[PDB]
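K.L.:
An experimental structure, sequence included, is below.
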Amino acid sequence: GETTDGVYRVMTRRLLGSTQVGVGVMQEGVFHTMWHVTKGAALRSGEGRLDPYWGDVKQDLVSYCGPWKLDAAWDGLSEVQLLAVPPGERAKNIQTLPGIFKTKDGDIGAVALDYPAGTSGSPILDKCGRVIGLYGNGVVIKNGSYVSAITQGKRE
Amino acid sequence: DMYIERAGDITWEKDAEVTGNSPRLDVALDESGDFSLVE
Ligand SMILES: Cc1cc(CO)c2cccc(NC(=O)[C@H]3CC[C@@H](N)CC3)c2n1
């Protein structure tokens, strides 16, 4: 299959036509998405098969072909870009200064951008192009608008 | 059966559409990975 670095759409044909269920990042031979996109299912890349390697429903992350490789983090200060990959639409950078998820267990970055559910797994970047996390697990606020965590895994 | 299709390089693009705010939110995380607002 295609193992070239970059951002990919996650498609299914089980439903009407071909539906985008989410997005992921290929880096160092490993494919990175959010758990709620694939629910841990195997994936196809042309004729090649991607098998799940690691996954955590509570982090809402999953990796294919190898361990989680993305270990860059928001600096707590600088603007970021969401490389949004919406269904039927070309990849599009959106620059933003993230808000904050405050939890009993510490502070998480949050990006206040609403996009369709099928955009889940689009990468959030820093100014050096490193992926600081994935878009698409968050919360609908007092207003009715969506805020996503910046969800990043651990590199062992 | 799900399949992947490439969509782009991962690059910072100078002078991209700047938007969205920076809300500070008190949230909880349950065992199913659902974020909720604590009020
Ligand atoms: C209601 C809504 C809306 C939008 C866009 O407006 C969404 C955009 C992306 C992702 C969503 N889902 C999540 O954040 C997670 C909730 C629980 C988690 N365990 C798995 C998925 C969206 N949910």
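P.N.:
Alright, I've got the coordinates. Numbering: from 1, shown residues only, chains lettered A, B, ... in the order given.
K.L.:
Can you name every helix or strand that the strand ranked longest in chain A contacts?
P.N.:
Of all the segments assigned as strand in chain A under DSSP state E, the longest by residue count is strand A:19-27. For strand A:19-27, the contact count by 3 or more Cβ pairs under 8 Å, 6 or more residues apart in numbering or on different chains; DSSP states H and E identifies strand A:6-12, strand A:30-33, helix A:35-38, strand A:131-134, strand B:2-8 as packing neighbours. (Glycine included, C-beta is placed from N, CA and C.)
K.L.:
how about 6 Å then?
P.N.:
Judged by 3 or more Cβ pairs under 6 Å, 6 or more residues apart in numbering or on different chains; DSSP states H and E, the packing partners of strand A:19-27 are strand A:6-12, strand A:30-33.
K.L.:
ok, the most centrally placed residue in chain A - contacts?
P.N.:
By Cα atoms, centre = their mean, chain A has its centre lying nearest to residue A:121, at 2.2 Å. For residue A:121, the contacting residues are A:22-24, A:33-34, A:37, A:134, A:136, by Cβ atoms under 6 Å, 6 or more residues apart in numbering or on different chains.
K.L.:
Repeat that for residue A:60.
P.N.:
Contact partners of residue A:60, counting by Cβ under 6 Å, 6+ apart, are A:34-36, A:137, B:33.
K.L.:
now swap in residue A:96 and tell me
P.N.:
For residue A:96, the set of contacting residues under the criterion of Cβ under 6 Å, 6+ apart consists of A:80, A:111, B:20.
K.L.:
Those residues of chain A touching the ligand, which are they?
P.N.:
By Cβ under 6 Å from any ligand atom, the part of chain A that sits against the ligand consists of A:36, A:60, A:114, A:117, A:120, A:136-138, A:140, A:146.
K.L.:
so how many other residues sit close to residue A:2?
P.N.:
Residue A:2 is surrounded by 12 other residues when neighbours are defined as other Cβ atoms under 10 Å in any protein chain shown.
K.L.:
if you skip the residues just before and after it, what's nearest to residue A:46?
P.N.:
Closest residue to residue A:46 apart from its sequence neighbours, by Cβ to Cβ, 6 or more residues apart in numbering or on different chains: residue A:1 at 4.9 Å.
K.L.:
Verify the contact between that neighbour and residue A:45 for me.
P.N.:
Yes - applying Cβ atoms under 6 Å as the test, residue A:1 and residue A:45 come out as touching, 2.5 Å apart.
K.L.:
out of these two, which sits in the more crowded spot?
P.N.:
Just comparing residue A:1 and residue A:45: by other Cβ under 10 Å the higher neighbour count belongs to residue A:45, 19 against 16.
K.L.:
List the contacts of residue A:24.
P.N.:
Counting by Cβ under 6 Å, 6+ apart, residue A:24 touches A:8, A:31-33, A:121.
K.L.:
And stretch A:16-34, what's buried?
P.N.:
Of the residues in stretch A:16-34, A:20-27, A:30-34 count as buried by neighbour count, 16 or more other Cβ atoms under 10 Å in any protein chain shown.
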